[PDB]
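[1] generate a structure from the sequence data that follows.
(one chain, ligands or ions: 2)
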Amino acid sequence: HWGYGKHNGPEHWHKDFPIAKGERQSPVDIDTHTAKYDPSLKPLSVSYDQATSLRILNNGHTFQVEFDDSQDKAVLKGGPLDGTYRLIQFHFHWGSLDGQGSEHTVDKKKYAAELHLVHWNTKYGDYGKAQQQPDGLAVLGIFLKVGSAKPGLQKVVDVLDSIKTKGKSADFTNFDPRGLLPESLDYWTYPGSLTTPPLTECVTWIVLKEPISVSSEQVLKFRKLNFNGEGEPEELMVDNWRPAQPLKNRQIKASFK
Ligand SMILES: NS(=O)(=O)c1c(F)c(F)c(S(=O)(=O)CCO)c(NC2CCCCCCC2)c1F
Ligand SMILES: [Zn+2]
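    Residues are numbered from 1 along each chain as shown. Ligands and ions are numbered 1, 2, ... in the order given. Please find the structure below.
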């Protein structure tokens with residue numbers, strides 16, 4: 001139904017998901033000059049040493065790497081968060097051209113892509129329950145710029161030909177998501193939403209200031225994927241990003257400056 005095309009893209013989503021026009025929708029433009037340094041924000045605690053990746057899946061919108069979230073193995077804590085958030089999956093958004101693709105923007109600048117590590121608050125017991133809560137999810141967002149290759153991304157890039165079309169999955173064990181992080185964990189944070197339907201307002205966003213570098217060849221492999229299923233007309237999976245939404249009555253906080 002929904003997608004990223006002219007006929008089913010972000011401008012249409014409000015008809016099936018009226019929260020699209022809500023008070024805390026994501027992504028947003030991060031105006032660096034209006035964000036508030038908050039000295040009381042804590043360093044982010046990213047504890048990914050025990051992470052158990054399981055599978056990679058083309059879901060028809062993006063691809064996602066999924067993790068075992070049935071124990072506290074890969075968790076996000078600290079920062080603006082109360083309590084412990086377990087990593088369930090990560091996915092990307094990217095463009096047809098290197099000058100677009102990110103969902104968040106920084107002083108209106110678009111990056112080539114954005115990585116989202118999705119976590120759910122363990123006080124709600126499972127991710128389905130967590131999505132129904134205003135503090136249910138925490139998504140760690142990381143910008144990708146085109147330059148030098150990111151060695152820790154290559155394992156992901158190399159399996160994409162085996163999940164070209166919607167509904168294809170592959171085993172994807174022993175992947176270390178620590179290899180996708182930049183040097184610094186300085187971040188902005190604000191309360192928002194899922195950026196795909198159902199657009200639920202259940203997300204604390206934590207967006208890292210420091211992008212990672214990926215090579216032009218790595219991002220060209222993302223653009224080889226297909227939105228369509230096997231045996232259907234080929235539609236390249238590109239421009240799977242929602243544009244910035246109105247900030248409304250929100251303040252973006254910075255952990256730095
Ligand atoms: N940008 S985002 O982090 O809000 C987002 C997506 F863009 C997204 F595409 C997905 S997806 O890969 O699973 C595809 C469409 O759902 C999730 N995943 C979460 C949201 C969906 C419901 C379950 C809560 C945890 C997964 C998702 F959280
Ligand atoms: Zn996302």
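[2] which parts of the stretch 51-200 of the chain are strands?
    Listed in chain order, the strands of the stretch 51-200 of the chain (DSSP state E, counting those that start in this stretch) span 53-58, 63-67, 75-78, 85-94, 105-106, 113-121, 137-146, 169-171, 187-192.
[3] ok, the fourth one near ligand 1 or not?
    To tie it back to what came earlier, the one meant is strand 85-94. Yes - Strand 85-94 is in contact with ligand 1 by Cβ under 6 Å from any ligand atom, via 88-89, 91. In this view, the C-beta of every residue, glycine as well, is placed from N, C-alpha and C.
[4] need those in TSV with neighbour count, can you?
    Putting the residues of strand 85-94 next to ligand 1 into TSV (neighbours: other Cβ atoms under 10 Å) gives the following:
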residue	neighbour count
88	19
89	21
91	21
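[5] and the residues you listed, which is closest to ligand 1?
    Distances from these to ligand 1 were compared by Cβ to the nearest ligand atom; the smallest belongs to residue 91, at 4.2 Å.
[6] in the chain, which residue is most central in space?
    When the chain is reduced to its mean C-alpha position, the nearest residue by Cα atoms, centre = their mean turns out to be residue 116, at 2.0 Å.
[7] which of the residues of strand 85-94 next to ligand 1 lies closest to residue 47?
    Minimum distance to residue 47 across those is 14.8 Å, recorded for residue 88 (Cβ to Cβ).
[8] ok, now which ones touch that closest one?
    By Cβ atoms under 8 Å, 6 or more residues apart in numbering, the contact set of residue 88 is 66-67, 69, 118-120, 127.
[9] near ligand 1, which of those show up?
    Among those, the residues lying close to ligand 1 (Cβ under 6 Å from any ligand atom) are 118, 127.
[10] scan the contacts of residue 88 and report the most crowded one.
    residue 119 (30 neighbours; other Cβ atoms under 10 Å).
[11] wait, that residue touches residue 139, no?
    Yes - between residue 119 and residue 139 there is a contact at 7.1 Å, judged by Cβ atoms under 8 Å.
[12] can you pull out the helices in the stretch 101-250 of the chain?
    Counting by DSSP state H, counting those that start in this stretch, the segments of the stretch 101-250 of the chain that form helices are 127-130, 154-159, 216-222.
[13] quick one: name the residues of this structure near ligand 1.
    Proximity of the chain to ligand 1 (Cβ under 6 Å from any ligand atom) is limited to residues 59, 61-62, 64, 88-89, 91, 116, 118, 127, 131, 139, 194-196.
[14] closest to residue 16 out of those?
    Comparing the residues of the chain next to ligand 1 against residue 16 with Cβ to Cβ places residue 196 closest, at 11.8 Å.
[15] quote the end-to-end distance of stretch 237-251.
    The straight-line separation of the ends of stretch 237-251 (Cα to Cα, to the nearest Å) is 33 Å.
[16] same check on stretch 216-231?
    Rule used - Cα to Cα; the end-to-end distance of stretch 216-231 is 29 Å.
[17] list the contacts of that stretch.
    Contacts with stretch 216-231, where a contact means Cβ under 8 Å, 6+ apart, come from 3-4, 58, 60-61, 63, 92, 94, 96, 98, 101, 112-113, 144, 146, 149-150, 153-154, 157, 160-161, 163-168, 234-238, 240.
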